[PDB]
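S.K.: Before I ask anything, let me first share the structure, which is written out below as structure tokens.
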Amino acid sequence: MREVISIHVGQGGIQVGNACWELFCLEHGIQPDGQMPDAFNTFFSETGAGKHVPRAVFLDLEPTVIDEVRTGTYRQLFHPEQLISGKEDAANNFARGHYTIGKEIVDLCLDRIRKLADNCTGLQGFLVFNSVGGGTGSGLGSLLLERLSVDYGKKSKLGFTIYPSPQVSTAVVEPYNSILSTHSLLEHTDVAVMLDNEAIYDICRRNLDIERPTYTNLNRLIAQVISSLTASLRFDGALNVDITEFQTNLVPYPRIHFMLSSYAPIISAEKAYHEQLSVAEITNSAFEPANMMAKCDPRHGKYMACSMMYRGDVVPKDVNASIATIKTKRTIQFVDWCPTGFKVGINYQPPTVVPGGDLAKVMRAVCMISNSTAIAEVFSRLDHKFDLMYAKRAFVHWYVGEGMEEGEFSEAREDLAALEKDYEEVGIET
Amino acid sequence: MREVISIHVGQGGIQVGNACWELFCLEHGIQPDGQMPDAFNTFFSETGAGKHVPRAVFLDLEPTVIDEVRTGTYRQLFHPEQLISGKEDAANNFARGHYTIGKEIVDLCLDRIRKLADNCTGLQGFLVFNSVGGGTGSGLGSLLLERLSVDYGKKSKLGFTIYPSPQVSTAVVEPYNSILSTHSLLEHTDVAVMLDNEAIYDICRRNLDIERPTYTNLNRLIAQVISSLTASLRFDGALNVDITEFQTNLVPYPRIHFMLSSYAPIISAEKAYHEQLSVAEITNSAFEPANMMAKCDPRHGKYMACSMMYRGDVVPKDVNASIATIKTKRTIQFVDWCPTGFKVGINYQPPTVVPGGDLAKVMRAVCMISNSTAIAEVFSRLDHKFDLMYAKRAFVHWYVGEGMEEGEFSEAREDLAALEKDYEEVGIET
Amino acid sequence: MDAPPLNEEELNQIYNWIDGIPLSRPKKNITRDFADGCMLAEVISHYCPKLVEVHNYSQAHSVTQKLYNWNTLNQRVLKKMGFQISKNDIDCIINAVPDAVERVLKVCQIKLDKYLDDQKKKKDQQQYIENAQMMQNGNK
Amino acid sequence: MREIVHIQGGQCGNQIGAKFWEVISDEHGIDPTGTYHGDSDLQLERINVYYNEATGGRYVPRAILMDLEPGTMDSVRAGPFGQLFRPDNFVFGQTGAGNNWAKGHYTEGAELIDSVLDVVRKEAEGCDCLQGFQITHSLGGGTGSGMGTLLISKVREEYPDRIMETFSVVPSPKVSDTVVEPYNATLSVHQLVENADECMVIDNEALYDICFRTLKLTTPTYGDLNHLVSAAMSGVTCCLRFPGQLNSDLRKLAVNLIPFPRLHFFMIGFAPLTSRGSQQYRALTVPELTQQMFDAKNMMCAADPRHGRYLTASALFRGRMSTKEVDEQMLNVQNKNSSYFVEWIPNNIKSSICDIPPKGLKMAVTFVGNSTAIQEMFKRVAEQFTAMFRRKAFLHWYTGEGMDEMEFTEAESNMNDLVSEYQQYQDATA
Amino acid sequence: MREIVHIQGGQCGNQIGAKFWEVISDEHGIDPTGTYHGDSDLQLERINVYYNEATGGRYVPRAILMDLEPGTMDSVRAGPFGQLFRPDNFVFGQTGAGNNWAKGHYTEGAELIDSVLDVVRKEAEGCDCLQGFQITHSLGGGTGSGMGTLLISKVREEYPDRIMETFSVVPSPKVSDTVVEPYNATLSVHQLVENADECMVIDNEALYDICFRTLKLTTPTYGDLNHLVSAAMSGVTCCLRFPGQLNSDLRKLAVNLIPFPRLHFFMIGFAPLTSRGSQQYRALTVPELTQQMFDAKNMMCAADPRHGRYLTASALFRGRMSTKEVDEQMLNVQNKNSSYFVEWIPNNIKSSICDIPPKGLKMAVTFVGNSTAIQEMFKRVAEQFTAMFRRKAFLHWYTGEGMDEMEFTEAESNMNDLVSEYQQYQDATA
Ligand SMILES: Nc1nc2c(ncn2[C@@H]2O[C@H](COP(=O)(O)OP(=O)(O)OP(=O)(O)O)[C@@H](O)[C@H]2O)c(=O)[nH]1
Ligand SMILES: Nc1nc2c(ncn2[C@@H]2O[C@H](COP(=O)(O)OP(=O)(O)OP(=O)(O)O)[C@@H](O)[C@H]2O)c(=O)[nH]1
Ligand SMILES: Nc1nc2c(ncn2[C@@H]2O[C@H](COP(=O)(O)OP(=O)(O)O)[C@@H](O)[C@H]2O)c(=O)[nH]1
Ligand SMILES: Nc1nc2c(ncn2[C@@H]2O[C@H](COP(=O)(O)OP(=O)(O)O)[C@@H](O)[C@H]2O)c(=O)[nH]1
Ligand SMILES: [Mg+2]
Ligand SMILES: [Mg+2]
């Protein structure tokens, strides 16, 4: 009687949704056709006899990815008319997907959301995935969040956004729409998790020893993180954690809800079994700055609160004996007004392996969600990138001619300045 | 209702404790498992049904010997948590085992001592064994004696210390810690018995006819001496002696309590039965200078008091007829202010033989504990050895850097000078 | 920062100033011991402990980590004191070029004294305003 | 007669009850199917204390299980002895509290509590002679610490003359699993002092310490902590279900252990506890039980009892033993430790004897002592609370559901006043 | 417990370790696949000294391999027992030093050493109780003699109380393979005296002399020299891994063999060594071992020990033998050679016995003696250094990487001061 609905918008969102939906189907024993040859209820729904239907909706204005989905092996799984598709792409223009073509599509998506919500009885909250540096992704994510915040109100929404890397970039105009989308979801999303690609590339290179990774390898790690986060809702555990038990433990103030994640262990089968993978060493590896899932240095800032999930055969006393060691270290310092900052969850189900993938099978794993003061650097560098081109009003004509006003750029800049001032104000000791 | 507790500290102490604890278990009929297949109460305690637990505690900072004990045939005998073990050895450094690592272990030992003492109702006193020429042995023995002297007060403590040989030595720095430990136990121990290895090597070579002895052969003789000393507490005898009846008979003055021991007969089964082993000949052999258990010449000094124990079928009149003969001889002279100097004890239980050992089974034996003025030579030679290296302050940096002060070496030298002057002052006739 | 070479008297003044500070490690060679930027962070933290998070500067032998420490110090600390070190001067310091660190220490000393005086004036002015406001509320 | 009903709330309380009822059923010989298969006549005489009778001869506990989420009760039903609980007593909501005290006490807990109060009233009105209620809950969670404490006030308002027990687990700062623990701990302690007749604090840190040091088992789990807590819980009411030399119900303990109505926070401990390998070495005697009973490490709380003075103490011996030995040992434990007992109340130790020992053990002891050393827990809880509250961290979650900061200030002030007036009597002299 | 980690640098050190680890694995019965196949129980009791445990039951050495070029570690991996080493511990650069000390200590070695120090810190922080570190490197090479010695200082700065071992091969003038050997030898000796707790010099010339004269084999190779060095290395820590009559860890040797903190340069030797054709003629007895042990040609250094006087000596006997014979032989070897032993420190020979002999041998001895004859090596090294430096030959290579001639002058002066003050005690008399 506990449910959650995941929203996938944009090319990156759909490509990570595919990645998480192989993993969930594999973890619950459901074949790609949707047929089994009481834990499924969190992500799926029973049709009365036979197949299961995911509680997910796919959105995009550009039809190529959806058409690829509707012809692959998973054509029989998803309901045919929840893969909403458009005709014309926003083409990396934020104003297009927020004012011009997204408005005519958003009504169908909201109707689908209502039709899925009326089925659930214990709706925990929503999940949303969107790559920020694109037109349709950021614009439609903003519009959907704004509609949901007023249609439903206090229901919790979680956002797994992928911000651009510090120096590596695929587009040339992504700072503009990244800043605008951050403006939009700052006052509209309860949790936002950092996911830039460069850090995960470094993780793959160093640990998985892959020298030529593709997007699928990144999306599989993200899917594993999602599964670790939501395992506690569908498996028995000695110390459970619910989604609604987050803003009471990781969010000191309503404005501050951007945090960065990490995962451990990450290791290949060729050298995994030569070492014992004790809980102490994995919880040490999870706190290593080089294993952050976002390219930010935690040594440059304080910690505010750490929520970290275990799964497997871990015993609570071993967890406490390792939290003490971390509190001992002099290179990790917490904020003054937080004496204890750890929330611990323990689950029994070990992580599942996907055949043909990178990760091996292990009995212990740890996933941490940590809120730290050091996150302000990404905001500062994105702001610096934005200012350089906004000084000469470059690329603005592509946005003014799509219905957006001239002054809309300035207030996003002011909100980022306010956020940066707030992060500095919080981190000073009393 | 009479009890005694034995303390074993250091490698030599533990290795002689093993030697005495085979002998006691064999003498009281207790199997190595601790099960019998009212005299046991002096050394053991009844658990209510079945096994017996020794009233002994084993101490060491270096874990090898204790681990060897806990896996041998006697693993079931000792209580699992009275074999206190450390992690880091003192490494022949006295300052280590008195100031650095011994302090953190001494509290557990004192707790064990209290837990053993509350069980006893008629506690006669303590026994302690420690090889003096080592770091942990001397340091922990000093610290334990100093704690016990104030926790309990007037209870009697007996020390079976093993001083280094005149010329034969295993270490190079043992005079320093030997002198310091003599300083420590001079004002803290009621009885100290001399046990250097060279004299016992000569005894084995001459009598037992063993040309390649090991430490076990030495420890068996020491165990036999201990058994002869404590036989009077647990067996019926015509002339009993208690531990508390020593400082009234062997200790003329509070400072002078170092005495040297001897044992007779020592003979192998191959030629033991060819001669009658009369009481007169064994009591003559016991007074031979070559049969001293410490390498000191009694012909170089006066006697102060002789306490000598018999066991077997000896008759008191034969003992008196032999004390008269010894008083007759011109090569043995007593001090002027002591007309009679003999304390005699007679017990009925003959000494027990250990299978596979060196000594044979005999019906008569004699053990003497004699206090003589000639003991000052070992102090003088140890002092001479100490001065040679202390002139140039050699090896001092290994002690100053472990928390000990510079002046601590001088006052031990002054106390030895005081002791040597006292021994000369006592031995002059009026 | 094209600062002139320091004379022997100015060098002795800088060394005596640095020796007056209780640093975490004994100094043997100022040019090498400051090349990682950690000792300059400690020097500034002694006078301005709220300005410098010394734990952000790890001891470093690698050029990459020295350059990270110096860039972080230059952007977060020195810029707030109203000066910045040039990239070329940072490159001279990390390579232990003679006189490079001594010039930076001289500039840092002068800028630190000025920064402390300006902080004192701000406190004295704020205390005057707070005292003046308390006297007006007592009359109300 | 004089029976009590069981009420538990939250996940921690449900897990405690899931072992408490197993222990009780094993003690009374009740199979997991509700059928009696015991051996002794006494096993059925006073079964009305905890069990009701239904048609078909089976027995059903009079327990009430409540939580704001259905997962924990859906999991406890599948465990052993899970079928005994009546399905009608299961009451749950569909939303949960998310470790937020305000949600579990003002908005969500207020509407649901009517249904659980209905069944509570049904259970209490029916029973022969009420003795009272016992409550198990955790102070580290939102729904538990809110709904349980509000239910305490509601029950007290309707049954002012009955007795009320609470077994409360307080969040220790060593093993912290939730970041918002200080807020709902401080808020709960405010309400708990005003209504609970007895309170017994239990700490996970002390349970881990006991499991690691006394039992010496390698991998502690929540099952062992629950088993220890269950044994301690059963030990208190043993003499109310079995004959004995000096029967003593809960009200008699309430009279003798609470000097002033606001000083009713006890810490407990259970003896004997021995490792598997040393269970054959030890002999069970009254001195052995009483020496472990007053041991500082044996307390179920991290509070150090030699940091303060006992106001009073209680012991509930089990098994057949002589009363003279018990009284003399209680006198001896009070003469040798006069410094740790307050002097203006003489003879401050209560004893009781029950002739029925636990299944598998010949003697057992339950210790309940009211000591001044408990101040340290409230001190550290308030320290963390005031460290976190001064910055108003995580305050918006609580203030968004009708609560204000004034109730936080009053709670802090009342808790500090309790801390002060509890130690006021520590320095009091006659 | 009390275990040590292995760190090696340079080509010579890597080749020494490649045989040291083979010898250790053969001693403990570990197959080249990491699987135990031993015969005796004692082979596994203290395996934690050198080997770690991983999942699957295999063992992995705690060794760290570093070099400035990848060739040597890429070659050692393909050799026997090369798979035991963890691939993560391999750290290397892409440039090399070219036998230039400045490049391996100032420019290239400084940037790389952070990565190797990271894994060194990982290894040391984790282990149960640290005993210390042992270092193998050569003074005749640039990268080795630079990076190893700088790593010595870095380790000493972080672990001032642990013990540090260094096995150093110094360039002899007889067999010279590099023209710039004096420069980096003199520079390295300057830093090595300040930080190393123990140093053991080994010379290729002495190894060739031993192989040609004692073993009498026709064609010596580096494998034989490595095997002799490996046997000598293993002999030192044997009693720390096996039981014995007198256990003596490394710290105990440090206490007894170093009179003053700057005199810690020992020369070693191993006995017995016999030819293949004469291995049947000889009979292994303690006199035969001790006569070869003090033989001048048996020393692992070309230094002639009858050109000076021993300050102290040590012997580590292996196998089961009588202690009386060992002590009397040690006394005899010291009475017949009184002219070669310093007179102001009496009894300057330390002995130890370990009951576990090497595989294939019944008795073995390792000799470690601190003698004044070592001055001759520093004399000739300084002579060559001052012959080459006076013309500033090859100086530009060093001075082009930030180094100056002042550090050469200080190094020469400190080395000459060491030479002088080491012989100062040779002429000292009492
Ligand atoms: N992690 C991850 N990021 C992706 C992936 N695909 C695209 N991105 C990121 O998405 C950003 C651009 O947005 P896209 O998702 O590609 O395109 P869009 O969101 O659909 O917006 P449009 O361009 O209007 O179609 C790029 O900067 C990429 O970094 C992916 O498969 N994995
Ligand atoms: N009689 C006898 N003496 C021993 C025996 N073992 C060691 N010793 C003596 O003890 C002296 C050194 O002290 P040890 O007992 O060996 O070592 P320790 O007392 O534990 O001190 P540490 O070296 O710090 O461990 C040596 O000079 C030996 O003469 C033994 O078995 N019998
Ligand atoms: N003894 C015991 N304690 C538990 C168990 N499960 C959780 N806890 C403790 O309960 C605390 C969390 O309480 P919580 O589950 O949030 O209570 P709730 O909010 O009422 O559901 C943790 O700090 C744990 O130490 C268990 O099975 N046994
Ligand atoms: N025992 C031994 N010595 C070696 C071996 N290889 C080289 N050496 C010695 O090492 C010296 C050269 O050291 P080098 O290889 O330059 O050290 P690096 O600069 O650290 O690589 C030569 O004088 C050799 O005598 C070997 O396999 N065994
Ligand atoms: Mg697209
Ligand atoms: Mg020892």
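Each chain in the structure tokens gets a letter, A, B and so on, in the order shown; residues start at 1 in every chain, and ligands are counted from 1 in the order they appear.
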List as a list in words the protein and nucleic acid residues lying within 9 Å of ligand 5, with only C-alpha atoms and all ligand atoms counted.

M.R.: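 These are the residues that qualify: residues 10, 11, 12, 60, 61, 62, 63, 64, 65, 89, 90, 91, 92, 134, 135, 136 and 137 of chain A.
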
S.K.: Save out the residues we just selected, N, CA, C and O atoms, as an mmCIF file, in the first residue's frame.

M.R.:
data_model
loop_
_atom_site.group_PDB
_atom_site.id
_atom_site.type_symbol
_atom_site.label_atom_id
_atom_site.label_comp_id
_atom_site.auth_asym_id
_atom_site.auth_seq_id
_atom_site.Cartn_x
_atom_site.Cartn_y
_atom_site.Cartn_z
ATOM 1 N N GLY A 10 12.809 14.375 -21.495
ATOM 2 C CA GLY A 10 14.033 14.661 -22.215
ATOM 3 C C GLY A 10 14.797 13.407 -22.594
ATOM 4 O O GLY A 10 14.515 12.298 -22.135
ATOM 5 N N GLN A 11 15.792 13.597 -23.461
ATOM 6 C CA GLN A 11 16.568 12.461 -23.945
ATOM 7 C C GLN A 11 17.365 11.813 -22.822
ATOM 8 O O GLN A 11 17.353 10.586 -22.674
ATOM 9 N N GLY A 12 18.061 12.621 -22.021
ATOM 10 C CA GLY A 12 18.803 12.064 -20.900
ATOM 11 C C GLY A 12 17.896 11.402 -19.883
ATOM 12 O O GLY A 12 18.214 10.332 -19.351
ATOM 13 N N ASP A 60 8.772 13.466 -24.131
ATOM 14 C CA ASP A 60 9.757 14.074 -25.017
ATOM 15 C C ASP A 60 9.025 14.732 -26.172
ATOM 16 O O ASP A 60 7.970 14.252 -26.587
ATOM 17 N N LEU A 61 9.588 15.827 -26.679
ATOM 18 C CA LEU A 61 9.026 16.456 -27.866
ATOM 19 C C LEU A 61 9.636 15.878 -29.139
ATOM 20 O O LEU A 61 9.031 15.957 -30.212
ATOM 21 N N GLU A 62 10.831 15.305 -29.044
ATOM 22 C CA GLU A 62 11.513 14.773 -30.219
ATOM 23 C C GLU A 62 11.289 13.268 -30.282
ATOM 24 O O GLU A 62 11.631 12.560 -29.326
ATOM 25 N N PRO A 63 10.727 12.733 -31.372
ATOM 26 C CA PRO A 63 10.150 11.379 -31.316
ATOM 27 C C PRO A 63 11.156 10.233 -31.408
ATOM 28 O O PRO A 63 10.742 9.082 -31.231
ATOM 29 N N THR A 64 12.438 10.488 -31.678
ATOM 30 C CA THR A 64 13.349 9.391 -32.008
ATOM 31 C C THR A 64 13.511 8.419 -30.845
ATOM 32 O O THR A 64 13.421 7.198 -31.026
ATOM 33 N N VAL A 65 13.762 8.939 -29.642
ATOM 34 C CA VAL A 65 14.012 8.067 -28.499
ATOM 35 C C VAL A 65 12.788 7.241 -28.135
ATOM 36 O O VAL A 65 12.913 6.041 -27.847
ATOM 37 N N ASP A 89 11.062 19.443 -31.777
ATOM 38 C CA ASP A 89 11.970 19.539 -30.647
ATOM 39 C C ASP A 89 12.130 21.001 -30.239
ATOM 40 O O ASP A 89 11.948 21.910 -31.055
ATOM 41 N N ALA A 90 12.455 21.220 -28.965
ATOM 42 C CA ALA A 90 12.729 22.569 -28.484
ATOM 43 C C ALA A 90 14.095 23.079 -28.927
ATOM 44 O O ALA A 90 14.313 24.293 -28.935
ATOM 45 N N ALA A 91 15.013 22.181 -29.292
ATOM 46 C CA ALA A 91 16.329 22.539 -29.819
ATOM 47 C C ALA A 91 17.117 23.396 -28.826
ATOM 48 O O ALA A 91 17.558 24.505 -29.128
ATOM 49 N N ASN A 92 17.264 22.861 -27.612
ATOM 50 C CA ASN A 92 18.105 23.449 -26.572
ATOM 51 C C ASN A 92 17.641 24.843 -26.161
ATOM 52 O O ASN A 92 18.326 25.527 -25.394
ATOM 53 N N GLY A 134 19.350 21.100 -21.437
ATOM 54 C CA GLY A 134 18.614 20.984 -22.680
ATOM 55 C C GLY A 134 17.332 21.774 -22.612
ATOM 56 O O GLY A 134 16.831 22.098 -21.529
ATOM 57 N N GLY A 135 16.804 22.092 -23.790
ATOM 58 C CA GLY A 135 15.587 22.872 -23.878
ATOM 59 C C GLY A 135 14.370 22.163 -23.324
ATOM 60 O O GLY A 135 13.800 22.593 -22.317
ATOM 61 N N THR A 136 13.962 21.074 -23.982
ATOM 62 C CA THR A 136 12.747 20.385 -23.571
ATOM 63 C C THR A 136 12.863 19.824 -22.161
ATOM 64 O O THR A 136 11.927 19.967 -21.373
ATOM 65 N N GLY A 137 14.002 19.224 -21.815
ATOM 66 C CA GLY A 137 14.160 18.684 -20.477
ATOM 67 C C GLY A 137 13.931 19.714 -19.395
ATOM 68 O O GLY A 137 13.010 19.571 -18.586
#

S.K.: Name all residues at most 9 Å from residue 220 of chain B (count only C-alpha atoms; drop same-chain ones fewer than 6 positions away) and give them as a tab-separated table (two decimals) with N, CA, C and O atoms, in the first residue's frame.

M.R.:
chain	number	residue	atom	x	y	z
B	16	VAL	N	58.29	-20.66	34.56
B	16	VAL	CA	58.47	-21.38	35.83
B	16	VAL	C	57.11	-21.66	36.47
B	16	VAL	O	56.95	-22.64	37.21
B	19	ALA	N	55.98	-24.87	35.10
B	19	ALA	CA	56.74	-25.93	35.76
B	19	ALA	C	56.19	-26.28	37.13
B	19	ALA	O	56.11	-27.46	37.47
B	20	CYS	N	55.82	-25.28	37.93
B	20	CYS	CA	55.24	-25.57	39.24
B	20	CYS	C	53.82	-26.09	39.14
B	20	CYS	O	53.38	-26.86	40.01
B	23	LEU	N	53.54	-29.79	38.58
B	23	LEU	CA	53.91	-30.51	39.79
B	23	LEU	C	52.79	-30.50	40.82
B	23	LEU	O	52.51	-31.53	41.44
B	354	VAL	N	57.82	-36.33	38.86
B	354	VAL	CA	57.15	-36.01	37.61
B	354	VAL	C	57.62	-36.98	36.53
B	354	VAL	O	58.83	-37.16	36.37
B	357	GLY	N	60.79	-36.78	33.94
B	357	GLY	CA	61.70	-35.79	34.46
B	357	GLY	C	63.07	-36.36	34.79
B	357	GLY	O	63.41	-37.48	34.42
B	358	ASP	N	63.85	-35.56	35.51
B	358	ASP	CA	65.22	-35.91	35.85
B	358	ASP	C	65.33	-36.59	37.21
B	358	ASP	O	66.03	-37.60	37.34

S.K.: Can you pull out the residues contacting residue 34 of chain B? Cut-off 7 Å, using only C-alpha atoms, and skip same-chain residues under 2 positions away; I want them as a list in words.

M.R.: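 That gives residues 30, 31, 32, 36, 51, 52 and 77 of chain B.
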
S.K.: Based on the backbone DSSP call, show me all residues of segment 144-285 of chain D assigned strand (DSSP E), as a PyMOL selection string.

M.R.: chain D and resi 163-169+198-202+265-271

S.K.: Would you mind listing, as a list in words, all residues of chain A that have at least one atom within 10 Å of chain C, where only C-alpha atoms are what counts?

M.R.: residues 297, 298, 299, 300, 301, 330, 331, 332, 333, 428 and 429 of chain A

S.K.: Just give me the gap between atom CA of residue 379 of chain E and atom CA of residue 227 of chain E in Å, one decimal is fine.

M.R.: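 Separation of atom CA of residue 379 of chain E and atom CA of residue 227 of chain E: 29.0 Å.
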
S.K.: Could you pull out the residues sitting within 8 Å of ligand 4, using only C-alpha atoms and all ligand atoms, and write them as an MDAnalysis selection string?

M.R.: chainID E and resid 9:13 15:16 67 97:99 137:145 169 171 175:178 204 222:223 225:226 229

S.K.: Any idea which chain C residues end up within 7 Å of chain E if we count only C-alpha atoms, as a PyMOL selection string please?

M.R.: chain C and resi 61-63

S.K.: Output N, CA, C and O atoms for every residue in the selection just made, as a PDB file, in the first residue's frame.

M.R.:
ATOM      1  N   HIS C  61      53.660  17.571  -2.233  1.00  0.00           N
ATOM      2  CA  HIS C  61      54.895  17.487  -3.015  1.00  0.00           C
ATOM      3  C   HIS C  61      54.642  17.638  -4.520  1.00  0.00           C
ATOM      4  O   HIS C  61      55.509  18.145  -5.230  1.00  0.00           O
ATOM      5  N   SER C  62      53.454  17.254  -5.006  1.00  0.00           N
ATOM      6  CA  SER C  62      53.102  17.344  -6.423  1.00  0.00           C
ATOM      7  C   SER C  62      52.780  18.781  -6.840  1.00  0.00           C
ATOM      8  O   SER C  62      52.069  19.507  -6.143  1.00  0.00           O
ATOM      9  N   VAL C  63      53.261  19.174  -8.019  1.00  0.00           N
ATOM     10  CA  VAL C  63      52.993  20.490  -8.621  1.00  0.00           C
ATOM     11  C   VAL C  63      51.490  20.768  -8.707  1.00  0.00           C
ATOM     12  O   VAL C  63      51.044  21.837  -8.306  1.00  0.00           O
TER      13      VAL C  63
END

S.K.: Just give me the gap between atom CA of residue 315 of chain B and atom CA of residue 284 of chain B in Å, one decimal is fine.

M.R.: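 Atom-to-atom, atom CA of residue 315 of chain B and atom CA of residue 284 of chain B are spaced 16.3 Å apart.
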
S.K.: Can you pull out the residues contacting segment 407-412 of chain A? Cut-off 9 Å, using only C-alpha atoms, and skip same-chain residues under 3 positions away; I want them as JSON, numbers by chain.

M.R.: {"A": [176, 179, 180, 181, 182, 183, 184, 390, 404, 415, 416, 417]}

S.K.: Residues as selected, C-alpha atoms, written as a PDB file, in the first residue's frame, can you do that?

M.R.:
ATOM      1  CA  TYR A 176      21.512  29.966 -19.658  1.00  0.00           C
ATOM      2  CA  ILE A 179      20.432  28.868 -14.488  1.00  0.00           C
ATOM      3  CA  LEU A 180      16.791  29.384 -15.472  1.00  0.00           C
ATOM      4  CA  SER A 181      15.853  25.820 -14.506  1.00  0.00           C
ATOM      5  CA  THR A 182      17.675  26.160 -11.181  1.00  0.00           C
ATOM      6  CA  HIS A 183      15.591  29.293 -10.614  1.00  0.00           C
ATOM      7  CA  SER A 184      12.446  27.324 -11.404  1.00  0.00           C
ATOM      8  CA  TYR A 390      25.105  37.952 -20.619  1.00  0.00           C
ATOM      9  CA  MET A 404      10.138  35.334 -22.851  1.00  0.00           C
ATOM     10  CA  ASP A 415      18.155  34.337  -6.896  1.00  0.00           C
ATOM     11  CA  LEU A 416      21.517  32.656  -7.449  1.00  0.00           C
ATOM     12  CA  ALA A 417      23.231  35.538  -5.655  1.00  0.00           C
TER      13      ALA A 417
END
